[PDB]
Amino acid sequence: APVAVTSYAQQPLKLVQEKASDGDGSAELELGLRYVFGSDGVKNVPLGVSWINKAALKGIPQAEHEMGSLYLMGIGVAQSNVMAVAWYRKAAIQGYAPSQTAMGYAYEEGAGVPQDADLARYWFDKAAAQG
């Protein structure tokens, strides 16, 4: 699921935890990704959701996208197509290509939005223009 690659990739866990507590949004996202998707030694989904959410509340598009994927799949949160689109929309409107693609699939099937094939193409083509 996770498509985000933060600047704290492959950094030691102790450094990520310290910078996350200081307010570094990139470190909050990296710590949340490790708690949610990491191995059993560091896995802690409820804590990771709060760290991903803290980075997403700062407007970080990579963090807003992951919040949408959490609500879309119901990982650590109650599954919600509406809330998934709410987070995807915030990242897609900033130009984040993975969220623009997610917006396209939402309009194609009508998940969290009224089904609209032309609006699906609008968001699909927006991600295509960045390739």
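Each residue number is its position in the shown sequence, starting from 1.
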Quiz item: Which has higher Cα B-factors on average according to the PDB entry: 63-71 or 36-44?
Solution: 36-44
Quiz item: Which has the higher mean CA temperature factor in the PDB entry, 6-14 or 113-121?
Solution: 6-14
Exercise. Please work out which residue in 84, 78, 31, 91 has the highest C-alpha B-factor recorded for this crystal structure.
Key: 31
Quiz item: Going by the entry, which third of its chain does the Cα temperature factor of residue 129 land in?
Solution: highest
Quiz item: For residue 105, does the deposited CA B-factor place it in the lowest, middle or highest third of the chain?
Solution: highest
